[PDB]
>>> print(open('work10.pdb').read())   # PDB, C-alpha atoms
MODEL        1
ATOM      1  CA  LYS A1108      58.920  95.372 -76.577
ATOM      2  CA  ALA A1109      56.331  93.728 -74.258
ATOM      3  CA  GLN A1110      52.796  93.949 -72.769
ATOM      4  CA  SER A1111      52.619  96.905 -70.312
ATOM      5  CA  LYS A1112      50.505  97.874 -67.235
ATOM      6  CA  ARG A1113      47.542 100.254 -67.870
ATOM      7  CA  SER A1114      49.259 103.548 -66.869
ATOM      8  CA  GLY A1115      47.796 105.136 -70.047
ATOM      9  CA  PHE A1116      51.245 104.995 -71.716
ATOM     10  CA  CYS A1117      49.854 102.149 -73.894
ATOM     11  CA  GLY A1118      46.673 102.337 -76.037
ATOM     12  CA  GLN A1119      43.318 102.517 -74.168
ATOM     13  CA  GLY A1120      42.136  99.090 -72.914
ATOM     14  CA  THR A1121      44.364  96.237 -71.670
ATOM     15  CA  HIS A1122      47.600  96.242 -73.744
ATOM     16  CA  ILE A1123      48.279  93.005 -75.694
ATOM     17  CA  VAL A1124      50.931  94.155 -78.243
ATOM     18  CA  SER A1125      52.229  97.348 -79.961
ATOM     19  CA  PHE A1126      54.013  97.822 -83.336
ATOM     20  CA  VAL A1127      55.947 100.972 -84.426
ATOM     21  CA  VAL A1128      56.304 102.199 -88.061
ATOM     22  CA  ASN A1129      58.181 105.242 -89.501
ATOM     23  CA  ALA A1130      56.091 108.459 -89.845
ATOM     24  CA  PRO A1131      57.158 111.893 -91.249
ATOM     25  CA  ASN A1132      59.127 113.750 -88.486
ATOM     26  CA  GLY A1133      57.989 111.139 -85.902
ATOM     27  CA  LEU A1134      56.679 107.576 -85.296
ATOM     28  CA  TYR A1135      53.322 105.788 -86.003
ATOM     29  CA  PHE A1136      52.010 102.474 -84.538
ATOM     30  CA  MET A1137      49.923  99.225 -85.242
ATOM     31  CA  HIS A1138      47.995  97.524 -82.328
ATOM     32  CA  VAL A1139      45.442  95.117 -80.776
ATOM     33  CA  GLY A1140      43.836  95.997 -77.381
ATOM     34  CA  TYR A1141      41.429  93.868 -75.274
ATOM     35  CA  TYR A1142      38.011  95.458 -74.500
ATOM     36  CA  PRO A1143      35.422  93.854 -72.112
ATOM     37  CA  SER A1144      32.380  94.978 -74.253
ATOM     38  CA  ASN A1145      29.676  92.982 -72.350
ATOM     39  CA  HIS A1146      29.430  92.770 -68.516
ATOM     40  CA  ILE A1147      27.429  90.154 -66.510
ATOM     41  CA  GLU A1148      26.926  90.602 -62.725
ATOM     42  CA  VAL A1149      27.712  87.349 -60.811
ATOM     43  CA  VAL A1150      28.033  87.035 -56.977
ATOM     44  CA  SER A1151      31.465  85.579 -55.992
ATOM     45  CA  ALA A1152      32.002  83.195 -53.005
ATOM     46  CA  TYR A1153      35.151  82.843 -50.804
ATOM     47  CA  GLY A1154      35.946  79.085 -50.529
ATOM     48  CA  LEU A1155      34.208  76.779 -47.971
ATOM     49  CA  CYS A1156      34.793  75.608 -44.344
ATOM     50  CA  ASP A1157      33.446  72.000 -44.210
ATOM     51  CA  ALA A1158      35.985  70.924 -41.522
ATOM     52  CA  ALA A1159      39.185  72.587 -40.187
ATOM     53  CA  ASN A1160      40.986  75.282 -42.302
ATOM     54  CA  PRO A1161      39.410  74.212 -45.706
ATOM     55  CA  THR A1162      39.301  77.937 -46.708
ATOM     56  CA  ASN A1163      41.271  78.715 -49.928
ATOM     57  CA  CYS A1164      42.292  81.896 -51.847
ATOM     58  CA  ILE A1165      39.681  82.810 -54.525
ATOM     59  CA  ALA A1166      42.393  82.587 -57.290
ATOM     60  CA  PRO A1167      45.228  84.792 -58.717
ATOM     61  CA  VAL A1168      42.209  86.412 -60.500
ATOM     62  CA  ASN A1169      39.521  88.070 -58.271
ATOM     63  CA  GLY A1170      36.798  86.020 -60.056
ATOM     64  CA  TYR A1171      35.203  83.089 -58.151
ATOM     65  CA  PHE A1172      31.707  82.294 -59.562
ATOM     66  CA  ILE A1173      29.535  80.825 -56.777
ATOM     67  CA  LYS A1174      28.465  77.852 -59.000
ATOM     68  CA  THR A1175      29.049  74.833 -56.713
ATOM     69  CA  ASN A1176      32.434  76.491 -55.762
ATOM     70  CA  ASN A1177      34.023  76.695 -59.271
ATOM     71  CA  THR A1178      36.775  79.349 -59.738
ATOM     72  CA  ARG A1179      36.473  81.839 -62.648
ATOM     73  CA  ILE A1180      39.181  83.615 -64.735
ATOM     74  CA  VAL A1181      38.849  87.265 -65.935
ATOM     75  CA  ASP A1182      36.159  86.541 -68.609
ATOM     76  CA  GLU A1183      33.331  84.047 -69.543
ATOM     77  CA  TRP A1184      31.289  81.475 -67.504
ATOM     78  CA  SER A1185      32.859  79.418 -64.640
ATOM     79  CA  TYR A1186      34.893  76.248 -65.385
ATOM     80  CA  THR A1187      35.489  73.290 -62.980
ATOM     81  CA  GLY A1188      38.315  74.591 -60.740
ATOM     82  CA  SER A1189      41.408  72.323 -60.636
ATOM     83  CA  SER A1190      43.840  73.973 -58.139
ATOM     84  CA  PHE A1191      43.997  77.135 -60.329
ATOM     85  CA  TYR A1192      44.343  79.122 -57.058
ATOM     86  CA  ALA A1193      46.896  76.560 -55.710
ATOM     87  CA  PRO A1194      46.827  78.167 -52.165
ATOM     88  CA  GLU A1195      48.050  76.720 -48.829
ATOM     89  CA  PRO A1196      45.324  77.362 -46.152
ATOM     90  CA  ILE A1197      45.413  80.797 -44.393
ATOM     91  CA  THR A1198      43.528  82.114 -41.308
ATOM     92  CA  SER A1199      40.172  83.559 -42.497
ATOM     93  CA  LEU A1200      37.755  86.100 -40.910
ATOM     94  CA  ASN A1201      34.139  84.862 -40.305
ATOM     95  CA  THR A1202      33.049  81.220 -40.932
ATOM     96  CA  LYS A1203      32.254  79.063 -44.054
ATOM     97  CA  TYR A1204      33.893  81.904 -46.087
ATOM     98  CA  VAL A1205      37.272  83.778 -46.065
ATOM     99  CA  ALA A1206      35.403  87.157 -45.873
TER     100      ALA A1206
ATOM    101  CA  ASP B1059      46.659 167.705 -86.644
ATOM    102  CA  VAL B1060      46.822 164.435 -88.682
ATOM    103  CA  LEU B1061      50.665 164.692 -88.845
ATOM    104  CA  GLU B1062      50.817 165.010 -85.011
ATOM    105  CA  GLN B1063      48.512 161.937 -84.791
ATOM    106  CA  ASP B1064      50.805 159.991 -87.191
ATOM    107  CA  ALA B1065      53.866 160.485 -84.928
ATOM    108  CA  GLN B1066      51.827 159.590 -81.789
ATOM    109  CA  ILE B1067      50.192 156.475 -83.356
ATOM    110  CA  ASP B1068      53.567 155.118 -84.646
ATOM    111  CA  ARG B1069      55.116 154.645 -81.159
ATOM    112  CA  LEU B1070      51.721 153.741 -79.596
ATOM    113  CA  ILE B1071      50.883 150.994 -82.172
ATOM    114  CA  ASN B1072      54.435 149.528 -82.075
ATOM    115  CA  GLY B1073      54.271 149.276 -78.254
ATOM    116  CA  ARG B1074      50.701 147.881 -78.281
ATOM    117  CA  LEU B1075      51.619 145.280 -80.960
ATOM    118  CA  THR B1076      54.803 144.112 -79.153
ATOM    119  CA  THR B1077      52.918 143.746 -75.810
ATOM    120  CA  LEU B1078      50.012 141.939 -77.579
ATOM    121  CA  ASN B1079      52.576 139.604 -79.256
ATOM    122  CA  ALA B1080      54.208 139.069 -75.816
ATOM    123  CA  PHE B1081      50.750 138.300 -74.318
ATOM    124  CA  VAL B1082      50.081 135.702 -77.079
ATOM    125  CA  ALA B1083      53.591 134.206 -76.600
ATOM    126  CA  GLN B1084      53.057 134.009 -72.792
ATOM    127  CA  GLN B1085      49.654 132.298 -73.347
ATOM    128  CA  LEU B1086      51.256 129.766 -75.768
ATOM    129  CA  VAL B1087      54.064 128.936 -73.252
ATOM    130  CA  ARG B1088      51.454 128.540 -70.453
ATOM    131  CA  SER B1089      49.277 126.355 -72.760
ATOM    132  CA  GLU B1090      52.234 124.024 -73.573
ATOM    133  CA  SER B1091      53.179 123.743 -69.854
ATOM    134  CA  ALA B1092      49.509 123.028 -68.966
ATOM    135  CA  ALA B1093      49.328 120.278 -71.648
ATOM    136  CA  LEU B1094      52.439 118.555 -70.165
ATOM    137  CA  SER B1095      50.906 118.985 -66.659
ATOM    138  CA  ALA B1096      47.601 117.434 -67.881
ATOM    139  CA  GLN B1097      49.564 114.358 -69.115
ATOM    140  CA  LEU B1098      51.225 114.021 -65.654
ATOM    141  CA  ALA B1099      47.768 114.328 -63.991
ATOM    142  CA  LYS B1100      46.409 111.579 -66.321
ATOM    143  CA  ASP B1101      49.371 109.325 -65.358
ATOM    144  CA  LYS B1102      48.817 110.157 -61.637
ATOM    145  CA  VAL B1103      45.102 109.102 -61.745
ATOM    146  CA  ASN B1104      46.102 105.961 -63.744
ATOM    147  CA  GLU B1105      48.799 104.896 -61.227
ATOM    148  CA  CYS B1106      48.466 106.335 -57.663
ATOM    149  CA  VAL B1107      44.634 106.762 -57.581
TER     150      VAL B1107
ATOM    151  CA  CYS C 811      40.877 151.705 -80.578
ATOM    152  CA  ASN C 812      37.956 153.161 -78.534
ATOM    153  CA  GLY C 813      35.728 153.043 -81.656
ATOM    154  CA  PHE C 814      37.325 156.095 -83.322
ATOM    155  CA  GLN C 815      36.745 155.751 -87.112
ATOM    156  CA  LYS C 816      40.256 157.109 -87.907
ATOM    157  CA  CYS C 817      41.917 154.556 -85.557
ATOM    158  CA  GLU C 818      40.065 151.651 -87.278
ATOM    159  CA  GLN C 819      41.211 152.755 -90.796
ATOM    160  CA  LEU C 820      44.862 152.981 -89.585
ATOM    161  CA  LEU C 821      44.409 149.467 -88.084
ATOM    162  CA  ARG C 822      43.185 148.171 -91.516
ATOM    163  CA  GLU C 823      46.782 148.549 -92.859
ATOM    164  CA  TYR C 824      48.006 146.350 -89.930
ATOM    165  CA  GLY C 825      44.812 144.209 -89.969
ATOM    166  CA  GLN C 826      46.629 141.045 -91.162
ATOM    167  CA  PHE C 827      48.880 141.091 -88.026
ATOM    168  CA  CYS C 828      45.763 141.533 -85.817
ATOM    169  CA  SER C 829      44.073 138.542 -87.553
ATOM    170  CA  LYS C 830      47.174 136.356 -86.897
ATOM    171  CA  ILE C 831      47.109 137.335 -83.166
ATOM    172  CA  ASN C 832      43.402 136.342 -82.881
ATOM    173  CA  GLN C 833      43.991 133.014 -84.729
ATOM    174  CA  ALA C 834      46.940 132.057 -82.465
ATOM    175  CA  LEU C 835      44.830 132.641 -79.303
ATOM    176  CA  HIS C 836      41.924 130.624 -80.830
ATOM    177  CA  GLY C 837      44.317 127.692 -81.455
ATOM    178  CA  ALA C 838      45.579 127.777 -77.840
ATOM    179  CA  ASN C 839      41.974 127.796 -76.487
ATOM    180  CA  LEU C 840      41.012 124.823 -78.744
ATOM    181  CA  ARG C 841      44.127 122.887 -77.568
ATOM    182  CA  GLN C 842      43.174 123.543 -73.894
ATOM    183  CA  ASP C 843      39.640 122.190 -74.593
ATOM    184  CA  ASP C 844      41.118 119.062 -76.285
ATOM    185  CA  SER C 845      43.481 118.421 -73.312
ATOM    186  CA  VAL C 846      40.514 118.649 -70.864
ATOM    187  CA  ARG C 847      38.521 116.074 -72.915
ATOM    188  CA  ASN C 848      41.482 113.621 -73.033
ATOM    189  CA  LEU C 849      42.118 113.878 -69.238
ATOM    190  CA  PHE C 850      38.434 113.311 -68.270
ATOM    191  CA  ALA C 851      38.123 110.395 -70.763
ATOM    192  CA  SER C 852      40.979 108.620 -68.875
ATOM    193  CA  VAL C 853      39.152 109.298 -65.533
ATOM    194  CA  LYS C 854      35.859 107.734 -66.829
ATOM    195  CA  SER C 855      35.129 104.400 -68.657
ATOM    196  CA  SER C 856      35.082 102.385 -65.376
ATOM    197  CA  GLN C 857      32.351 100.227 -63.706
ATOM    198  CA  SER C 858      31.995 102.591 -60.679
ATOM    199  CA  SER C 859      30.040 101.436 -57.578
ATOM    200  CA  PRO C 860      27.131 103.822 -56.680
TER     201      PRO C 860
ATOM    202  CA  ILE D 762      23.872 117.837 -72.805
ATOM    203  CA  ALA D 763      25.749 114.513 -72.281
ATOM    204  CA  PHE D 764      25.083 112.315 -69.179
ATOM    205  CA  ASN D 765      28.376 110.332 -69.601
ATOM    206  CA  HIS D 766      27.139 107.893 -66.877
ATOM    207  CA  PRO D 767      29.508 104.998 -65.875
ATOM    208  CA  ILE D 768      28.369 101.337 -65.397
ATOM    209  CA  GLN D 769      27.091 100.838 -61.796
ATOM    210  CA  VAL D 770      27.940  97.729 -59.671
ATOM    211  CA  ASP D 771      26.000  97.554 -56.353
ATOM    212  CA  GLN D 772      28.172  96.953 -53.229
ATOM    213  CA  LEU D 773      26.926  93.930 -51.196
ATOM    214  CA  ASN D 774      26.479  94.019 -47.366
ATOM    215  CA  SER D 775      26.775  90.173 -47.405
ATOM    216  CA  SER D 776      30.200  88.411 -47.415
ATOM    217  CA  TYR D 777      29.770  87.607 -51.159
ATOM    218  CA  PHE D 778      30.857  90.454 -53.514
ATOM    219  CA  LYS D 779      29.139  91.179 -56.888
ATOM    220  CA  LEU D 780      31.411  90.891 -59.979
ATOM    221  CA  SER D 781      31.336  92.370 -63.529
ATOM    222  CA  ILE D 782      32.553  89.788 -66.116
ATOM    223  CA  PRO D 783      33.495  90.497 -69.807
ATOM    224  CA  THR D 784      31.876  88.294 -72.525
ATOM    225  CA  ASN D 785      33.387  89.620 -75.833
ATOM    226  CA  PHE D 786      37.140  90.052 -76.638
ATOM    227  CA  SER D 787      36.590  92.993 -79.110
ATOM    228  CA  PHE D 788      40.380  93.396 -79.761
ATOM    229  CA  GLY D 789      41.823  96.531 -81.471
ATOM    230  CA  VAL D 790      42.410 100.303 -80.898
ATOM    231  CA  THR D 791      43.887 103.384 -82.717
ATOM    232  CA  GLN D 792      47.520 104.685 -82.487
ATOM    233  CA  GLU D 793      49.357 107.918 -81.431
ATOM    234  CA  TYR D 794      52.042 110.045 -83.220
ATOM    235  CA  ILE D 795      55.237 110.929 -81.222
ATOM    236  CA  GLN D 796      56.545 113.892 -83.362
ATOM    237  CA  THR D 797      60.134 112.863 -82.371
ATOM    238  CA  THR D 798      61.954 115.407 -84.629
ATOM    239  CA  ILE D 799      61.310 118.844 -86.272
ATOM    240  CA  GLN D 800      62.292 119.984 -89.821
ATOM    241  CA  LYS D 801      66.049 120.782 -90.090
ATOM    242  CA  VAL D 802      66.870 124.086 -91.890
ATOM    243  CA  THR D 803      69.746 126.650 -92.082
ATOM    244  CA  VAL D 804      69.265 130.382 -92.986
ATOM    245  CA  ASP D 805      71.855 132.368 -95.034
ATOM    246  CA  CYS D 806      72.757 135.942 -93.903
ATOM    247  CA  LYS D 807      73.554 137.224 -97.442
ATOM    248  CA  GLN D 808      70.303 135.796 -98.961
ATOM    249  CA  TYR D 809      68.014 136.898 -96.054
ATOM    250  CA  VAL D 810      68.549 140.133 -93.925
TER     251      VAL D 810
ATOM    252  CA  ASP E 910      24.919 143.061 -66.181
ATOM    253  CA  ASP E 911      27.158 143.186 -63.123
ATOM    254  CA  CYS E 912      29.318 145.530 -65.174
ATOM    255  CA  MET E 913      26.136 147.620 -65.426
ATOM    256  CA  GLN E 914      25.568 147.526 -61.645
ATOM    257  CA  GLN E 915      28.770 149.310 -60.616
ATOM    258  CA  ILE E 924      39.638 140.955 -64.841
ATOM    259  CA  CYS E 925      37.758 143.842 -66.559
ATOM    260  CA  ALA E 926      36.506 141.431 -69.285
ATOM    261  CA  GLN E 927      33.276 142.897 -70.802
ATOM    262  CA  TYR E 928      34.335 146.292 -69.299
ATOM    263  CA  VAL E 929      37.019 147.443 -71.796
ATOM    264  CA  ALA E 930      36.263 144.455 -74.055
ATOM    265  CA  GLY E 931      39.939 144.459 -74.922
ATOM    266  CA  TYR E 932      39.377 140.769 -74.186
ATOM    267  CA  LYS E 933      37.003 138.060 -72.862
ATOM    268  CA  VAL E 934      37.390 135.087 -70.565
ATOM    269  CA  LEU E 935      35.661 132.035 -71.830
ATOM    270  CA  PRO E 936      33.701 129.427 -69.886
ATOM    271  CA  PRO E 937      35.636 126.223 -69.219
ATOM    272  CA  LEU E 938      33.889 123.647 -71.385
ATOM    273  CA  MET E 939      32.391 121.875 -68.320
ATOM    274  CA  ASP E 940      30.034 122.988 -65.501
ATOM    275  CA  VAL E 941      31.168 122.221 -61.898
ATOM    276  CA  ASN E 942      28.545 119.407 -61.630
ATOM    277  CA  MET E 943      30.001 117.480 -64.643
ATOM    278  CA  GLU E 944      33.568 117.722 -63.208
ATOM    279  CA  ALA E 945      32.246 116.600 -59.779
ATOM    280  CA  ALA E 946      30.474 113.613 -61.428
ATOM    281  CA  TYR E 947      33.812 112.441 -62.954
ATOM    282  CA  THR E 948      35.553 112.665 -59.526
ATOM    283  CA  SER E 949      32.574 110.862 -57.872
ATOM    284  CA  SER E 950      32.827 108.002 -60.433
ATOM    285  CA  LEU E 951      36.591 107.674 -59.727
ATOM    286  CA  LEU E 952      35.982 107.503 -55.919
ATOM    287  CA  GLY E 953      33.459 104.617 -56.172
ATOM    288  CA  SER E 954      35.630 102.657 -58.663
ATOM    289  CA  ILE E 955      38.804 102.951 -56.470
ATOM    290  CA  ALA E 956      38.006  99.910 -54.259
ATOM    291  CA  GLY E 957      37.158  97.527 -57.155
ATOM    292  CA  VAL E 958      40.104  98.261 -59.525
ATOM    293  CA  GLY E 959      42.666  97.817 -56.693
ATOM    294  CA  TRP E 960      41.726  94.181 -55.877
ATOM    295  CA  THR E 961      43.261  92.469 -58.987
ATOM    296  CA  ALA E 962      40.308  93.534 -61.205
ATOM    297  CA  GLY E 963      42.262  95.662 -63.737
ATOM    298  CA  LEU E 964      39.815  97.176 -66.276
ATOM    299  CA  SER E 965      38.404  93.868 -67.654
ATOM    300  CA  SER E 966      36.487  93.057 -64.426
ATOM    301  CA  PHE E 967      35.170  94.952 -61.347
ATOM    302  CA  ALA E 968      34.780  93.704 -57.733
ATOM    303  CA  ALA E 969      32.079  95.264 -55.484
ATOM    304  CA  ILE E 970      34.221  95.101 -52.284
ATOM    305  CA  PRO E 971      33.928  97.409 -49.199
ATOM    306  CA  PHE E 972      36.541 100.200 -48.729
ATOM    307  CA  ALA E 973      37.713  98.473 -45.503
ATOM    308  CA  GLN E 974      38.389  95.214 -47.422
ATOM    309  CA  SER E 975      40.321  97.134 -50.146
ATOM    310  CA  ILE E 976      42.497  98.916 -47.507
ATOM    311  CA  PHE E 977      43.135  95.564 -45.741
ATOM    312  CA  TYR E 978      44.159  93.829 -49.012
ATOM    313  CA  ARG E 979      46.697  96.596 -49.814
ATOM    314  CA  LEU E 980      48.008  96.527 -46.194
ATOM    315  CA  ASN E 981      48.226  92.679 -46.149
ATOM    316  CA  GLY E 982      50.461  92.116 -49.222
ATOM    317  CA  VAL E 983      52.884  95.078 -48.757
ATOM    318  CA  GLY E 984      53.733  94.378 -45.073
ATOM    319  CA  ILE E 985      54.218  91.391 -42.705
ATOM    320  CA  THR E 986      50.786  92.268 -41.197
ATOM    321  CA  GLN E 987      48.223  89.773 -42.617
ATOM    322  CA  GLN E 988      44.681  88.396 -41.844
ATOM    323  CA  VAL E 989      45.214  87.461 -38.127
ATOM    324  CA  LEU E 990      47.956  90.107 -37.480
ATOM    325  CA  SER E 991      45.862  92.787 -39.302
ATOM    326  CA  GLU E 992      42.728  91.841 -37.263
ATOM    327  CA  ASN E 993      44.876  91.893 -34.055
ATOM    328  CA  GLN E 994      45.922  95.497 -34.904
ATOM    329  CA  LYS E 995      43.130  97.869 -33.731
ATOM    330  CA  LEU E 996      42.210 101.574 -34.364
ATOM    331  CA  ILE E 997      44.000 101.384 -37.777
ATOM    332  CA  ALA E 998      40.773 102.814 -39.283
ATOM    333  CA  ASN E 999      40.818 105.475 -36.502
ATOM    334  CA  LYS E1000      44.425 106.456 -37.461
ATOM    335  CA  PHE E1001      43.279 106.852 -41.113
ATOM    336  CA  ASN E1002      40.245 108.902 -39.923
ATOM    337  CA  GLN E1003      42.466 111.144 -37.705
ATOM    338  CA  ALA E1004      44.805 111.853 -40.666
ATOM    339  CA  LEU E1005      41.775 112.655 -42.900
ATOM    340  CA  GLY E1006      40.433 114.873 -40.061
ATOM    341  CA  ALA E1007      43.719 116.845 -40.007
ATOM    342  CA  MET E1008      43.228 117.496 -43.767
TER     343      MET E1008
ENDMDL
END
>>> encode(input="work10.pdb", output="structure tokens")
Amino acid sequence: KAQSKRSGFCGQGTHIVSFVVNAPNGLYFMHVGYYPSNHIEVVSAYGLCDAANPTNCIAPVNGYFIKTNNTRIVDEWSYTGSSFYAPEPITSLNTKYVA
Amino acid sequence: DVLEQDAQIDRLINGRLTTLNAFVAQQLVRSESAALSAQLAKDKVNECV
Amino acid sequence: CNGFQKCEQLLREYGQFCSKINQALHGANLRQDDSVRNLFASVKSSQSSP
Amino acid sequence: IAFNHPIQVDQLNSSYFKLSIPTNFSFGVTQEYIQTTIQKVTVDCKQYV
Amino acid sequence: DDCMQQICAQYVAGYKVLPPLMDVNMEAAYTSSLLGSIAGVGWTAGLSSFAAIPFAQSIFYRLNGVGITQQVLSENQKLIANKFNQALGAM
């Protein structure tokens, strides 16, 4: 019916879609599953503190390529962040970074 | 006495075969239960861990 | 049998039943090995930190 | 022997945390068979036994 | 050989127990890989990406979202790590 969490019930890899077809004494399926394939190691920053409470959440996604401060989604190189995180300021441990 | 052996082997083989069949059946039931348990363990690592 | 020649010849008549018993146990052992491989495969395939 | 070694991401003492990022979509995977039902059959006492 | 220096196994040879497809070291390596990966997968990384975050940060993130305790309230709470250590010590 819909995309499902990776509890192993769905096919290995992130589940995008599943199709079911009749099989003798049972059921058979048709599918597409996302696989990362290639991994690049990039250090990720935690916002900035130029003045008072300028710290922001990294994003709904964990990714935050350091860049100049650009946010990153799950895959590929960083794109100019445009309020993708959309977060009201929160108290942050340390200085200059949320960490 | 071969005839004495034939009477003795009859009961002995029938008992040995039935117990061996029971041992195989017990192993198969344990194997099926273990396979279901392995699936639950896979789900447990996928979710709780 | 304890290796008695007479016992083995008597077993030859019932040999087919003995072969079926051995095959069934072999199938169970192979299934247990397959289940172990599937479980461990789910555990691995992650970018673990050292 | 098989090493079966996983990818290693070094933990960082500094506030910044290292990240692993996918580059290729590589969509697609195999399928599994449920075996929902077994063959349906009825024996006859006169024919068999 | 141990049969020669005296669950029968080789003794009657009615049967045999077979080795379990994996040495203890290989099984331990799989558990060790799972332990290291636990912190990264939890912080919204799924399987597509991994985050190299400390165990303390991962515990704090789980504690923050589920309960009212958050950043400042969580930092105000003290000996939370000690309570976790005491429970592990009881085990």
>>> atom_distance(input="work10.pdb", atom1="CA of residue 1123 (chain A)", atom2="CA of residue 963 (chain E)")
13.6 Å
>>> resolve_selection(input="work10.pdb", expression="the ChimeraX specification (/C :<7) & /D", output="ChimeraX atom specification")
/D:767-772
>>> closest_residue(input="work10.pdb", among="A:1110, A:1145, A:1119, A:1189", to="chain B", atoms="only C-alpha atoms")
A:1119
>>> interface_residues(input="work10.pdb", of="chain E", to="chain D", cutoff="9 Å", atoms="all atoms listed in the file", output="list in words")
residues 943, 946, 947, 950, 965, 966, 967, 968, 969, 970 and 971 of chain E
>>> closest_residue(input="work10.pdb", among="A:1132, A:1169, A:1201, A:1185", to="chain E", atoms="only C-alpha atoms")
A:1169
>>> atom_distance(input="work10.pdb", atom1="CA of residue 799 (chain D)", atom2="CA of residue 1090 (chain B)")
16.4 Å
>>> interface_residues(input="work10.pdb", of="chain B", to="chain C", cutoff="7 Å", atoms="all atoms listed in the file", output="tab-separated table (two decimals) with C-alpha atoms, in the coordinates of the input")
chain	number	residue	atom	x	y	z
B	1082	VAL	CA	50.08	135.70	-77.08
B	1086	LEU	CA	51.26	129.77	-75.77
B	1089	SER	CA	49.28	126.36	-72.76
B	1093	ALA	CA	49.33	120.28	-71.65
B	1096	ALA	CA	47.60	117.43	-67.88
B	1100	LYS	CA	46.41	111.58	-66.32
>>> atom_distance(input="work10.pdb", atom1="CA of residue 1190 (chain A)", atom2="CA of residue 1158 (chain A)")
18.6 Å
